[PDB]
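Participant: Just so it is clear, I am handing over work01.tsv, which has TSV, N, CA and C atoms.
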chain	number	residue	atom	x	y	z
V	997	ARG	N	25.89	-221.05	104.50
V	997	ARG	CA	24.87	-222.10	104.54
V	997	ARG	C	25.32	-223.35	105.33
V	998	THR	N	25.04	-223.36	106.63
V	998	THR	CA	25.41	-224.48	107.50
V	998	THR	C	24.19	-225.33	107.83
V	999	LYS	N	24.43	-226.62	108.03
V	999	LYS	CA	23.43	-227.56	108.54
V	999	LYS	C	23.93	-228.12	109.86
V	1000	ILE	N	23.11	-228.02	110.90
V	1000	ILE	CA	23.48	-228.36	112.27
V	1000	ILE	C	22.51	-229.42	112.77
V	1001	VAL	N	23.05	-230.49	113.36
V	1001	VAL	CA	22.27	-231.61	113.85
V	1001	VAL	C	22.44	-231.67	115.35
V	1002	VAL	N	21.33	-231.83	116.08
V	1002	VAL	CA	21.34	-231.73	117.53
V	1002	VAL	C	20.48	-232.86	118.11
V	1003	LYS	N	21.07	-233.70	118.96
V	1003	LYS	CA	20.26	-234.59	119.78
V	1003	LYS	C	19.57	-233.76	120.86
V	1004	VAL	N	18.24	-233.85	120.94
V	1004	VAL	CA	17.49	-233.10	121.94
V	1004	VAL	C	16.59	-234.06	122.68
V	1005	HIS	N	16.49	-233.89	123.99
V	1005	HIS	CA	15.55	-234.67	124.77
V	1005	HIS	C	14.16	-234.10	124.53
V	1006	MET	N	13.36	-234.77	123.71
V	1006	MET	CA	12.00	-234.33	123.41
V	1006	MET	C	11.12	-235.57	123.28
V	1007	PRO	N	10.73	-236.15	124.42
V	1007	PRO	CA	10.12	-237.49	124.38
V	1007	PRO	C	8.72	-237.53	123.80
V	1008	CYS	N	7.95	-236.45	123.91
V	1008	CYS	CA	6.60	-236.41	123.36
V	1008	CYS	C	6.46	-235.26	122.36
V	1009	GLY	N	5.29	-235.22	121.72
V	1009	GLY	CA	5.04	-234.24	120.67
V	1009	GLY	C	5.00	-232.81	121.16
V	1010	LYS	N	4.57	-232.58	122.40
V	1010	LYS	CA	4.59	-231.22	122.93
V	1010	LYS	C	6.01	-230.70	123.09
V	1011	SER	N	6.98	-231.57	123.39
V	1011	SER	CA	8.35	-231.08	123.53
V	1011	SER	C	9.03	-230.96	122.17
V	1012	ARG	N	8.72	-231.87	121.24
V	1012	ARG	CA	9.15	-231.67	119.86
V	1012	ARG	C	8.65	-230.33	119.31
V	1013	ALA	N	7.45	-229.91	119.70
V	1013	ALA	CA	6.95	-228.63	119.23
V	1013	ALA	C	7.67	-227.47	119.93
V	1014	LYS	N	8.01	-227.63	121.20
V	1014	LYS	CA	8.72	-226.58	121.91
V	1014	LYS	C	10.14	-226.44	121.37
V	1015	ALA	N	10.83	-227.56	121.17
V	1015	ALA	CA	12.17	-227.51	120.62
V	1015	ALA	C	12.19	-226.90	119.21
V	1016	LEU	N	11.26	-227.31	118.34
V	1016	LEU	CA	11.21	-226.76	116.98
V	1016	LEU	C	11.13	-225.24	117.01
V	1017	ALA	N	10.16	-224.70	117.77
V	1017	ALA	CA	9.99	-223.26	117.94
V	1017	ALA	C	11.21	-222.62	118.59
V	1018	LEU	N	11.86	-223.31	119.53
V	1018	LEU	CA	12.98	-222.70	120.23
V	1018	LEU	C	14.19	-222.56	119.33
V	1019	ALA	N	14.51	-223.61	118.56
V	1019	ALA	CA	15.60	-223.50	117.58
V	1019	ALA	C	15.30	-222.42	116.57
V	1020	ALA	N	14.06	-222.38	116.06
V	1020	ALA	CA	13.67	-221.39	115.05
V	1020	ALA	C	13.93	-219.96	115.52
V	1021	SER	N	13.85	-219.71	116.84
V	1021	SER	CA	14.03	-218.37	117.37
V	1021	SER	C	15.45	-217.84	117.21
V	1022	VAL	N	16.42	-218.70	116.90
V	1022	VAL	CA	17.84	-218.35	116.95
V	1022	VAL	C	18.29	-217.73	115.63
V	1023	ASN	N	19.09	-216.67	115.72
V	1023	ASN	CA	19.49	-215.90	114.54
V	1023	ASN	C	20.10	-216.78	113.46
V	1024	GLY	N	19.63	-216.60	112.23
V	1024	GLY	CA	20.15	-217.34	111.11
V	1024	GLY	C	19.41	-218.62	110.78
V	1025	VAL	N	18.50	-219.08	111.64
V	1025	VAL	CA	17.78	-220.32	111.36
V	1025	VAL	C	16.73	-220.04	110.28
V	1026	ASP	N	16.80	-220.79	109.18
V	1026	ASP	CA	15.72	-220.78	108.20
V	1026	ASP	C	14.75	-221.93	108.39
V	1027	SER	N	15.25	-223.13	108.67
V	1027	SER	CA	14.38	-224.28	108.86
V	1027	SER	C	14.90	-225.15	109.99
V	1028	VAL	N	13.97	-225.87	110.62
V	1028	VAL	CA	14.25	-226.86	111.64
V	1028	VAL	C	13.44	-228.11	111.31
V	1029	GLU	N	14.08	-229.27	111.41
V	1029	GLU	CA	13.41	-230.52	111.10
V	1029	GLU	C	13.60	-231.52	112.24
V	1030	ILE	N	12.62	-232.41	112.39
V	1030	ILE	CA	12.69	-233.56	113.29
V	1030	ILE	C	13.09	-234.79	112.48
V	1031	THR	N	14.16	-235.48	112.90
V	1031	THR	CA	14.64	-236.70	112.24
V	1031	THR	C	15.11	-237.69	113.30
V	1032	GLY	N	15.57	-238.84	112.83
V	1032	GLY	CA	15.96	-239.98	113.65
V	1032	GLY	C	14.81	-240.93	113.89
V	1033	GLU	N	15.15	-242.21	114.07
V	1033	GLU	CA	14.09	-243.19	114.29
V	1033	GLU	C	13.37	-242.98	115.62
V	1034	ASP	N	13.95	-242.21	116.54
V	1034	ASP	CA	13.32	-241.95	117.83
V	1034	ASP	C	12.85	-240.51	117.97
V	1035	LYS	N	12.70	-239.79	116.86
V	1035	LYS	CA	12.13	-238.44	116.85
V	1035	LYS	C	12.84	-237.53	117.85
V	1036	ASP	N	14.18	-237.58	117.82
V	1036	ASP	CA	14.95	-236.91	118.87
V	1036	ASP	C	16.14	-236.12	118.32
V	1037	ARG	N	16.15	-235.82	117.03
V	1037	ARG	CA	17.21	-235.03	116.43
V	1037	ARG	C	16.61	-233.84	115.69
V	1038	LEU	N	17.17	-232.66	115.95
V	1038	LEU	CA	16.85	-231.45	115.21
V	1038	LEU	C	17.90	-231.23	114.14
V	1039	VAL	N	17.45	-231.06	112.89
V	1039	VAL	CA	18.32	-230.62	111.80
V	1039	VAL	C	18.00	-229.16	111.55
V	1040	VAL	N	18.94	-228.29	111.90
V	1040	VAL	CA	18.75	-226.85	111.85
V	1040	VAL	C	19.56	-226.32	110.67
V	1041	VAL	N	18.89	-225.60	109.76
V	1041	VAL	CA	19.53	-225.11	108.54
V	1041	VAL	C	19.36	-223.59	108.45
V	1042	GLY	N	20.47	-222.90	108.21
V	1042	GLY	CA	20.42	-221.46	108.06
V	1042	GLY	C	21.75	-220.84	107.66
V	1043	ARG	N	21.96	-219.57	108.00
V	1043	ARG	CA	23.17	-218.84	107.62
V	1043	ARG	C	23.63	-218.00	108.80
V	1044	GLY	N	24.87	-218.23	109.24
V	1044	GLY	CA	25.41	-217.49	110.36
V	1044	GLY	C	24.92	-217.95	111.71
V	1045	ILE	N	24.49	-219.20	111.84
V	1045	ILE	CA	23.97	-219.68	113.11
V	1045	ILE	C	25.11	-219.84	114.11
V	1046	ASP	N	24.91	-219.36	115.34
V	1046	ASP	CA	25.87	-219.62	116.40
V	1046	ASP	C	25.50	-220.95	117.06
V	1047	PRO	N	26.17	-222.04	116.72
V	1047	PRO	CA	25.69	-223.36	117.16
V	1047	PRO	C	25.90	-223.60	118.64
V	1048	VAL	N	26.80	-222.87	119.30
V	1048	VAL	CA	26.95	-223.00	120.75
V	1048	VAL	C	25.76	-222.37	121.45
V	1049	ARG	N	25.32	-221.21	120.97
V	1049	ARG	CA	24.15	-220.56	121.53
V	1049	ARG	C	22.89	-221.36	121.25
V	1050	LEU	N	22.80	-221.99	120.07
V	1050	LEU	CA	21.66	-222.84	119.73
V	1050	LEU	C	21.52	-224.02	120.69
V	1051	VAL	N	22.61	-224.76	120.91
V	1051	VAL	CA	22.55	-225.94	121.76
V	1051	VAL	C	22.32	-225.54	123.21
V	1052	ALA	N	22.95	-224.45	123.66
V	1052	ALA	CA	22.74	-223.98	125.03
V	1052	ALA	C	21.27	-223.67	125.30
V	1053	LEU	N	20.58	-223.04	124.33
V	1053	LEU	CA	19.17	-222.72	124.51
V	1053	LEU	C	18.33	-223.99	124.59
V	1054	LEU	N	18.54	-224.92	123.66
V	1054	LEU	CA	17.79	-226.17	123.70
V	1054	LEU	C	18.11	-226.95	124.97
V	1055	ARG	N	19.37	-226.91	125.41
V	1055	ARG	CA	19.75	-227.59	126.65
V	1055	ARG	C	19.02	-226.98	127.84
V	1056	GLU	N	19.03	-225.64	127.95
V	1056	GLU	CA	18.37	-224.96	129.06
V	1056	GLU	C	16.89	-225.32	129.16
V	1057	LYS	N	16.22	-225.55	128.02
V	1057	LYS	CA	14.78	-225.72	128.04
V	1057	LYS	C	14.32	-227.16	127.88
V	1058	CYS	N	15.18	-228.05	127.37
V	1058	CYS	CA	14.82	-229.45	127.18
V	1058	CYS	C	15.62	-230.40	128.04
V	1059	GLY	N	16.59	-229.91	128.81
V	1059	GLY	CA	17.38	-230.77	129.67
V	1059	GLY	C	18.64	-231.30	129.02
V	1060	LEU	N	18.50	-231.95	127.87
V	1060	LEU	CA	19.62	-232.51	127.13
V	1060	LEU	C	19.64	-231.91	125.73
V	1061	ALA	N	20.83	-231.51	125.29
V	1061	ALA	CA	21.07	-231.06	123.93
V	1061	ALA	C	22.53	-231.33	123.60
V	1062	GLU	N	22.78	-232.25	122.67
V	1062	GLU	CA	24.12	-232.59	122.24
V	1062	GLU	C	24.32	-232.15	120.79
V	1063	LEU	N	25.39	-231.41	120.56
V	1063	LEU	CA	25.74	-230.98	119.21
V	1063	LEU	C	26.40	-232.14	118.48
V	1064	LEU	N	25.67	-232.77	117.57
V	1064	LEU	CA	26.22	-233.91	116.84
V	1064	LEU	C	27.07	-233.49	115.66
V	1065	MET	N	26.67	-232.45	114.93
V	1065	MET	CA	27.36	-232.12	113.69
V	1065	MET	C	27.05	-230.71	113.22
V	1066	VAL	N	28.07	-230.07	112.66
V	1066	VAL	CA	27.94	-228.85	111.88
V	1066	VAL	C	28.56	-229.10	110.52
V	1067	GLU	N	27.95	-228.57	109.47
V	1067	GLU	CA	28.38	-228.91	108.13
V	1067	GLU	C	27.93	-227.83	107.15
V	1068	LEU	N	28.78	-227.54	106.17
V	1068	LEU	CA	28.45	-226.59	105.12
V	1068	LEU	C	27.49	-227.22	104.12
V	1069	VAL	N	26.64	-226.39	103.52
V	1069	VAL	CA	25.65	-226.91	102.58
V	1069	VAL	C	25.08	-225.81	101.69
I	22	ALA	N	13.79	-214.24	118.62
I	22	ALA	CA	12.92	-213.71	117.58
I	22	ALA	C	13.73	-212.81	116.64
I	23	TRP	N	14.54	-213.42	115.79
I	23	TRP	CA	15.23	-212.66	114.76
I	23	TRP	C	14.36	-212.45	113.52
I	24	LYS	N	13.31	-213.25	113.34
I	24	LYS	CA	12.31	-213.01	112.31
I	24	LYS	C	10.92	-213.04	112.94
I	25	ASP	N	9.99	-212.31	112.31
I	25	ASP	CA	8.68	-212.11	112.93
I	25	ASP	C	7.87	-213.40	113.01
I	26	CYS	N	8.00	-214.29	112.03
I	26	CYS	CA	7.02	-215.35	111.86
I	26	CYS	C	7.68	-216.72	111.90
I	27	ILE	N	6.88	-217.70	112.32
I	27	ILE	CA	7.21	-219.11	112.21
I	27	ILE	C	6.11	-219.75	111.37
I	28	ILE	N	6.49	-220.38	110.28
I	28	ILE	CA	5.56	-221.14	109.46
I	28	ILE	C	5.69	-222.60	109.83
I	29	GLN	N	4.61	-223.19	110.30
I	29	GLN	CA	4.60	-224.61	110.61
I	29	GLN	C	4.01	-225.41	109.46
I	30	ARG	N	4.55	-226.61	109.27
I	30	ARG	CA	4.20	-227.44	108.12
I	30	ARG	C	3.79	-228.83	108.62
I	31	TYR	N	2.52	-229.15	108.42
I	31	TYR	CA	1.92	-230.38	108.92
I	31	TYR	C	1.79	-231.36	107.76
I	32	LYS	N	2.46	-232.50	107.86
I	32	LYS	CA	2.32	-233.55	106.86
I	32	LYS	C	2.42	-234.91	107.53
I	33	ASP	N	1.52	-235.82	107.14
I	33	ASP	CA	1.53	-237.20	107.62
I	33	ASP	C	1.39	-237.27	109.14
I	34	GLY	N	0.42	-236.52	109.67
I	34	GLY	CA	0.06	-236.62	111.07
I	34	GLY	C	0.91	-235.84	112.04
I	35	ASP	N	1.89	-235.07	111.58
I	35	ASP	CA	2.76	-234.32	112.48
I	35	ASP	C	3.33	-233.08	111.80
I	36	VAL	N	3.63	-232.08	112.63
I	36	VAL	CA	4.52	-230.99	112.23
I	36	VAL	C	5.95	-231.44	112.50
I	37	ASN	N	6.72	-231.64	111.43
I	37	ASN	CA	8.10	-232.06	111.53
I	37	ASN	C	9.05	-231.05	110.93
I	38	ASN	N	8.53	-229.91	110.48
I	38	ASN	CA	9.29	-228.92	109.75
I	38	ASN	C	8.72	-227.57	110.11
I	39	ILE	N	9.59	-226.60	110.39
I	39	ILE	CA	9.13	-225.23	110.55
I	39	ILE	C	10.15	-224.32	109.92
I	40	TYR	N	9.66	-223.18	109.43
I	40	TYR	CA	10.44	-222.24	108.65
I	40	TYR	C	10.22	-220.86	109.24
I	41	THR	N	11.25	-220.02	109.16
I	41	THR	CA	11.11	-218.64	109.59
I	41	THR	C	10.83	-217.71	108.41
I	42	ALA	N	10.27	-216.55	108.73
I	42	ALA	CA	9.91	-215.57	107.71
I	42	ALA	C	9.57	-214.27	108.41
I	43	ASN	N	9.93	-213.16	107.79
I	43	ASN	CA	9.42	-211.87	108.23
I	43	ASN	C	8.10	-211.60	107.52
I	44	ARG	N	7.32	-210.69	108.10
I	44	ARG	CA	6.05	-210.34	107.48
I	44	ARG	C	6.31	-209.77	106.09
I	45	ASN	N	5.52	-210.21	105.11
I	45	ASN	CA	5.62	-209.81	103.70
I	45	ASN	C	6.84	-210.37	102.99
I	46	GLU	N	7.44	-211.43	103.53
I	46	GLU	CA	8.56	-212.12	102.90
I	46	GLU	C	8.04	-213.32	102.11
I	47	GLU	N	8.71	-213.64	101.00
I	47	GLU	CA	8.50	-214.90	100.30
I	47	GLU	C	9.64	-215.86	100.63
I	48	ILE	N	9.31	-217.00	101.22
I	48	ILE	CA	10.28	-218.05	101.50
I	48	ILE	C	10.04	-219.20	100.53
I	49	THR	N	10.97	-220.15	100.52
I	49	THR	CA	10.84	-221.39	99.78
I	49	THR	C	10.75	-222.54	100.77
I	50	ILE	N	9.81	-223.45	100.54
I	50	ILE	CA	9.66	-224.65	101.35
I	50	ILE	C	9.69	-225.81	100.37
I	51	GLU	N	10.75	-226.60	100.44
I	51	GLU	CA	11.06	-227.61	99.42
I	51	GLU	C	11.07	-226.88	98.08
I	52	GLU	N	10.32	-227.33	97.07
I	52	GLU	CA	10.36	-226.66	95.77
I	52	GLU	C	9.43	-225.45	95.68
I	53	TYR	N	8.59	-225.22	96.69
I	53	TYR	CA	7.45	-224.33	96.61
I	53	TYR	C	7.75	-222.94	97.17
I	54	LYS	N	7.14	-221.94	96.56
I	54	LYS	CA	7.21	-220.57	97.04
I	54	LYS	C	6.02	-220.31	97.94
I	55	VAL	N	6.28	-219.72	99.10
I	55	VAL	CA	5.25	-219.41	100.07
I	55	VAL	C	5.37	-217.94	100.41
I	56	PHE	N	4.26	-217.23	100.32
I	56	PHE	CA	4.21	-215.83	100.70
I	56	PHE	C	3.57	-215.73	102.07
I	57	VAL	N	4.12	-214.85	102.90
I	57	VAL	CA	3.75	-214.73	104.31
I	57	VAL	C	3.37	-213.29	104.57
I	58	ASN	N	2.12	-213.07	104.95
I	58	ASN	CA	1.58	-211.72	104.93
I	58	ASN	C	1.88	-211.01	106.24
I	59	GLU	N	1.30	-209.82	106.42
I	59	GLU	CA	1.58	-209.00	107.59
I	59	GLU	C	1.02	-209.60	108.87
I	60	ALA	N	0.18	-210.63	108.78
I	60	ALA	CA	-0.27	-211.36	109.96
I	60	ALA	C	0.44	-212.70	110.14
I	61	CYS	N	1.58	-212.89	109.47
I	61	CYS	CA	2.35	-214.14	109.53
I	61	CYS	C	1.57	-215.31	108.96
I	62	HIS	N	0.58	-215.05	108.09
I	62	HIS	CA	-0.14	-216.20	107.55
I	62	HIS	C	0.42	-216.58	106.20
I	63	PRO	N	0.61	-217.88	105.95
I	63	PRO	CA	1.26	-218.30	104.71
I	63	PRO	C	0.27	-218.55	103.59
I	64	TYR	N	0.70	-218.21	102.37
I	64	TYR	CA	-0.03	-218.48	101.15
I	64	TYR	C	0.89	-219.18	100.15
I	65	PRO	N	0.47	-220.30	99.54
I	65	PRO	CA	-0.81	-220.99	99.75
I	65	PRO	C	-0.85	-221.68	101.09
I	66	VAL	N	-2.03	-222.14	101.51
I	66	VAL	CA	-2.13	-222.89	102.75
I	66	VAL	C	-1.82	-224.36	102.51
I	67	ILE	N	-2.30	-224.92	101.39
I	67	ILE	CA	-2.08	-226.32	101.07
I	67	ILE	C	-1.03	-226.40	99.97
I	68	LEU	N	0.15	-226.91	100.30
I	68	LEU	CA	1.19	-227.11	99.30
I	68	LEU	C	0.80	-228.22	98.32
I	69	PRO	N	1.41	-228.24	97.13
I	69	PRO	CA	1.05	-229.29	96.15
I	69	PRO	C	1.26	-230.70	96.65
I	70	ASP	N	2.16	-230.93	97.61
I	70	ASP	CA	2.32	-232.24	98.25
I	70	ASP	C	1.27	-232.51	99.34
I	71	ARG	N	0.16	-231.76	99.32
I	71	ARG	CA	-0.95	-231.86	100.26
I	71	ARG	C	-0.54	-231.59	101.72
I	72	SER	N	0.66	-231.04	101.95
I	72	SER	CA	1.03	-230.62	103.29
I	72	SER	C	0.43	-229.25	103.59
I	73	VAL	N	0.25	-228.97	104.88
I	73	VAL	CA	-0.64	-227.92	105.36
I	73	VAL	C	0.16	-226.86	106.10
I	74	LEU	N	0.10	-225.62	105.62
I	74	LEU	CA	0.90	-224.52	106.16
I	74	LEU	C	0.11	-223.68	107.15
I	75	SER	N	0.80	-223.26	108.20
I	75	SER	CA	0.22	-222.55	109.32
I	75	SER	C	1.29	-221.58	109.81
I	76	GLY	N	0.87	-220.43	110.33
I	76	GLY	CA	1.84	-219.44	110.74
I	76	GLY	C	1.30	-218.51	111.81
I	77	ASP	N	2.23	-217.86	112.49
I	77	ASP	CA	1.92	-216.88	113.52
I	77	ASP	C	3.23	-216.20	113.89
I	78	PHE	N	3.13	-215.16	114.71
I	78	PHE	CA	4.33	-214.52	115.23
I	78	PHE	C	5.13	-215.50	116.08
I	79	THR	N	6.45	-215.29	116.09
I	79	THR	CA	7.35	-216.26	116.71
I	79	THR	C	7.00	-216.52	118.17
I	80	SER	N	6.71	-215.47	118.95
I	80	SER	CA	6.50	-215.68	120.39
I	80	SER	C	5.25	-216.50	120.67
I	81	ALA	N	4.20	-216.37	119.85
I	81	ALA	CA	3.04	-217.23	120.01
I	81	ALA	C	3.33	-218.70	119.70
I	82	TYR	N	4.51	-219.00	119.14
I	82	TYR	CA	4.89	-220.34	118.64
I	82	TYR	C	3.96	-220.85	117.49
Mind turning the file's structure into structure tokens?

Facilitator:
Amino acid sequence: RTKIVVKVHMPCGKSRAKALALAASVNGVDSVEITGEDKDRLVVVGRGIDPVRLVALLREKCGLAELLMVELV
Amino acid sequence: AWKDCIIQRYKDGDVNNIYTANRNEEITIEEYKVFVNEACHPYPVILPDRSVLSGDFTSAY
């Protein structure tokens, strides 16, 4: 049970929706959340998530994706 | 697409939460149990916190 936090470039609601769906596609993701005062962080929660593959996918499709944190939960 | 369905959750003017589920799976969303049928549709649709559940196959987003 890991929780992964990702800064993603998603300036409008259409990109927040694309990023949410894109993270969800990745093996082990149970939930994805939008957080931060600037609506620019994904909190990805699941089991067995490959966080390098997760950030690479969001980076490829959103331009910017920074892995801020991985944590057990 | 490691799971068939994406359940979207609309509360307070935005979808800020989405959950995965296979068809005919029961997931938990916060304290609530949600059943997701063979068409990726979630039951109940309105959670007790008045948030609104929506679903479809993953590729349709």

Participant: Set out as a Markdown table a contact list for chain I and chain V with a cut-off of 6.5 Å, giving each residue of chain I that qualifies its closest atom pair and distance in Å to one decimal, counting only N, CA and C atoms, ordered by chain and rising residue number.

Facilitator:
| residue | atom | partner | partner_atom | distance |
| --- | --- | --- | --- | --- |
| I:22 | N | V:1021 | C | 4.2 |
| I:23 | N | V:1021 | C | 4.7 |
| I:24 | N | V:1021 | C | 6.4 |
| I:37 | C | V:1030 | N | 4.1 |
| I:38 | CA | V:1028 | C | 4.5 |
| I:39 | C | V:1028 | N | 4.2 |
| I:40 | CA | V:1026 | C | 4.3 |
| I:41 | N | V:1026 | C | 4.1 |
| I:82 | CA | V:1017 | CA | 5.9 |

Participant: Deliver the residues from the most recent selection as a file, using N, CA and C atoms, as a PDB file, keeping the file's coordinate frame.

Facilitator:
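Listing of part.pdb after writing:
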ATOM      1  N   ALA I  22      13.790-214.240 118.620  1.00  0.00           N
ATOM      2  CA  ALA I  22      12.920-213.710 117.580  1.00  0.00           C
ATOM      3  C   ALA I  22      13.730-212.810 116.640  1.00  0.00           C
ATOM      4  N   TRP I  23      14.540-213.420 115.790  1.00  0.00           N
ATOM      5  CA  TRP I  23      15.230-212.660 114.760  1.00  0.00           C
ATOM      6  C   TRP I  23      14.360-212.450 113.520  1.00  0.00           C
ATOM      7  N   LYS I  24      13.310-213.250 113.340  1.00  0.00           N
ATOM      8  CA  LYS I  24      12.310-213.010 112.310  1.00  0.00           C
ATOM      9  C   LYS I  24      10.920-213.040 112.940  1.00  0.00           C
ATOM     10  N   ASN I  37       6.720-231.640 111.430  1.00  0.00           N
ATOM     11  CA  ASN I  37       8.100-232.060 111.530  1.00  0.00           C
ATOM     12  C   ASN I  37       9.050-231.050 110.930  1.00  0.00           C
ATOM     13  N   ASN I  38       8.530-229.910 110.480  1.00  0.00           N
ATOM     14  CA  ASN I  38       9.290-228.920 109.750  1.00  0.00           C
ATOM     15  C   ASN I  38       8.720-227.570 110.110  1.00  0.00           C
ATOM     16  N   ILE I  39       9.590-226.600 110.390  1.00  0.00           N
ATOM     17  CA  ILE I  39       9.130-225.230 110.550  1.00  0.00           C
ATOM     18  C   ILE I  39      10.150-224.320 109.920  1.00  0.00           C
ATOM     19  N   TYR I  40       9.660-223.180 109.430  1.00  0.00           N
ATOM     20  CA  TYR I  40      10.440-222.240 108.650  1.00  0.00           C
ATOM     21  C   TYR I  40      10.220-220.860 109.240  1.00  0.00           C
ATOM     22  N   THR I  41      11.250-220.020 109.160  1.00  0.00           N
ATOM     23  CA  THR I  41      11.110-218.640 109.590  1.00  0.00           C
ATOM     24  C   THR I  41      10.830-217.710 108.410  1.00  0.00           C
ATOM     25  N   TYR I  82       4.510-219.000 119.140  1.00  0.00           N
ATOM     26  CA  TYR I  82       4.890-220.340 118.640  1.00  0.00           C
ATOM     27  C   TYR I  82       3.960-220.850 117.490  1.00  0.00           C
TER      28      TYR I  82
END

Participant: Quick one, how far is atom CA of residue 1006 of chain V from atom CA of residue 1060 of chain V?

Facilitator: 8.7 Å

Participant: In Å, with one decimal, what is the gap from atom CA of residue 1054 of chain V to atom N of residue 61 of chain I?

Facilitator: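 A separation of 25.3 Å between them.
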
Participant: Quick one: distance from atom N of residue 1046 of chain V to atom N of residue 1066 of chain V in Å, one decimal?

Facilitator: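 Taking atom N of residue 1046 of chain V as the start and atom N of residue 1066 of chain V as the end point, the length is 11.5 Å.
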
Participant: So which bits of chain V end up strand (DSSP E or B) when you DSSP the backbone, as a list in words?

Facilitator: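 DSSP on the backbone gives strand (DSSP E or B) at residues 998, 999, 1000, 1001, 1002, 1003, 1004, 1025, 1026, 1027, 1028, 1029, 1030, 1031, 1037, 1038, 1039, 1040, 1041, 1042, 1061, 1062, 1063, 1064, 1065, 1066, 1067 and 1068 of chain V.
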
Participant: Pull the helix (DSSP H, G or I) assignments for chain V out of DSSP run on the backbone, and list those residues as a PyMOL selection string.

Facilitator: chain V and resi 1009-1020+1047-1058

Participant: Tell me which protein, DNA and RNA residues are within 5 Å of residue 1004 of chain V, counting all atoms listed in the file, leaving out same-chain ones fewer than 4 positions away, and put them as a list in words.

Facilitator: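 So, after excluding close chain neighbours, the residues are residues 1036, 1037, 1060 and 1061 of chain V.
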
Participant: With all atoms of segment 1027-1040 of chain V from the file as input, state the centre and edge lengths in Å to one decimal of the axis-aligned box that has 5 Å extra on each side, as AutoDock Vina command-line options.

Facilitator:
--center_x 15.8 --center_y -233.2 --center_z 113.8 --size_x 17.4 --size_y 30.1 --size_z 20.2

Participant: Give me, as a PyMOL selection string, all polymer residues having an atom no more than 8 Å from residue 59 of chain I, counting all atoms listed in the file and skipping those fewer than 2 positions away in the same chain.

Facilitator: chain I and resi 43-46+56-57+61-62
